[PDB]
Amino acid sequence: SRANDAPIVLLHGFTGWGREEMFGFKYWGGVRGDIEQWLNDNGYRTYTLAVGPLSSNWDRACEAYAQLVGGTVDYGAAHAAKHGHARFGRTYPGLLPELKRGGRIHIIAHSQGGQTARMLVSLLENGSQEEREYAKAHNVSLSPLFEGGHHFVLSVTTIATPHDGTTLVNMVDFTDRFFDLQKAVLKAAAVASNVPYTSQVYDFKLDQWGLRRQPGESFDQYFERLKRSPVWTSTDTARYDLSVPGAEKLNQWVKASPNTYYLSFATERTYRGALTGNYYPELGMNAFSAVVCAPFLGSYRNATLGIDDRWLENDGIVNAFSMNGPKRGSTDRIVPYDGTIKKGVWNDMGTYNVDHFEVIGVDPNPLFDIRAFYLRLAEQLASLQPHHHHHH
């Protein structure tokens, strides 16, 4: 039964856009519909975050905070100076001013969005010691996000998240395939990549870096410039955070709050080969992933980097082994779901036979009851108790 009234907030990964972008083709629902609308219609108040898809988890968290409470994005003086980007970004009206009033939220995140959510919670709770100290030594102002003490998040749900990174980033032609992936997503929403569209369409939100598609520039050309930009070349990027070392690093500081519930969902759309031990993509997997990404993910081994046979099963984009929760360089606890949702630990809700894009409806899958998946999820989050009790 309903035990809390917190609103649900949806969060995307290395790909994603606002509800008004892509001519309305939703990241959350894709060809299958509108996930946010489905939840709202069924009585679970739901909102959508849109943040920089290629940006670091840190930038994304700063953007999320501001998008939630309202205001101008504050990346932190120490952080901005450390990476040579702007300190202030876009201004948001704020989706949930109630947060400043004691309200809470459930975050449902997909792909890299899971890392962002974890980071958000950490910053909210603990702030940033480095930002606090930089503020004091330089006499610069400080965003509340870096103070700590905030309690807005009742839970975090991650779906197909690379908590321990994805081996996809080790592909020699990663840079080109990655951007071709973006092109495939554009293709899914019936948008061409060789057309200099005058409407926005897909805003990558690179205010901090001063980058944006110009008049007369198609996505193809825009991506060519991005590839040579700091959002692809720096350590303050999705590219880095998505990597096995980059993830481990993030895990070294981004910890599970003992005040928040965490749910994890894994995905797989592969089959094992008997003679090679490798994993192959199943019939139905989004075409781009099956041809370009899956073969690699299910065959790439690296002993020195710790990548072995447990890393081969994948969802076409991320290794399944990486989803149940942070493990590399982490102190977080992961617990297999036993009918009871524990606090401050990762509740491994299992593995689902869906690919990276089918799970959000971007790639069709008629055997996947997407509406029921999310409704079941919403009902489960709504049943979370704001404070459980110790019993026999």
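All residue numbers are counted from 1 along the displayed sequence.
S.K.: So which stretch wins on mean C-alpha B-factor, 11-19 or 378-386?
M.R.: It is 378-386 that shows the higher mean C-alpha B-factor.
S.K.: I need to verify one thing: averaged over C-alpha atoms only, is the B-factor higher for 340-348 or for 58-66?
M.R.: That would be 340-348.
S.K.: Among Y92, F296, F223, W253, where is the Cα temperature factor highest, going by the PDB entry?
M.R.: By C-alpha B-factor in the record, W253 ranks first.
S.K.: Among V169, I159, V201, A78, where is the Cα B factor highest in this entry?
M.R.: If I rank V169, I159, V201, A78 by C-alpha B-factor, first place goes to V201.
S.K.: Classify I360 as lowest, middle or highest third according to the C-alpha B-factor given in the PDB entry, relative to its own chain.
M.R.: For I360, whose C-alpha B-factor we compare with every modelled residue in the chain, the answer is the lowest third.
S.K.: Taking the chain's C-alpha temperature factors as the reference, tell me which third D332 falls into: lowest, middle or highest.
M.R.: As the PDB entry reports it, the C-alpha B-factor of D332 lands in the middle third of its chain.
S.K.: Could you place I35 in the lowest, middle or highest third of its chain by Cα temperature factor, using the values in the record?
M.R.: Ranked within chain, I35 CA B lands in the lowest tercile.
S.K.: Would you check the entry's CA temperature factor for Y271 and let me know if it's in the chain's lowest, middle or highest third?
M.R.: Middle third by C-alpha B-factor.
S.K.: By the record's CA B-factor, is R87 among the lowest, middle or highest third of residues in the chain?
M.R.: Tercile = middle for this residue's CA B-factor.
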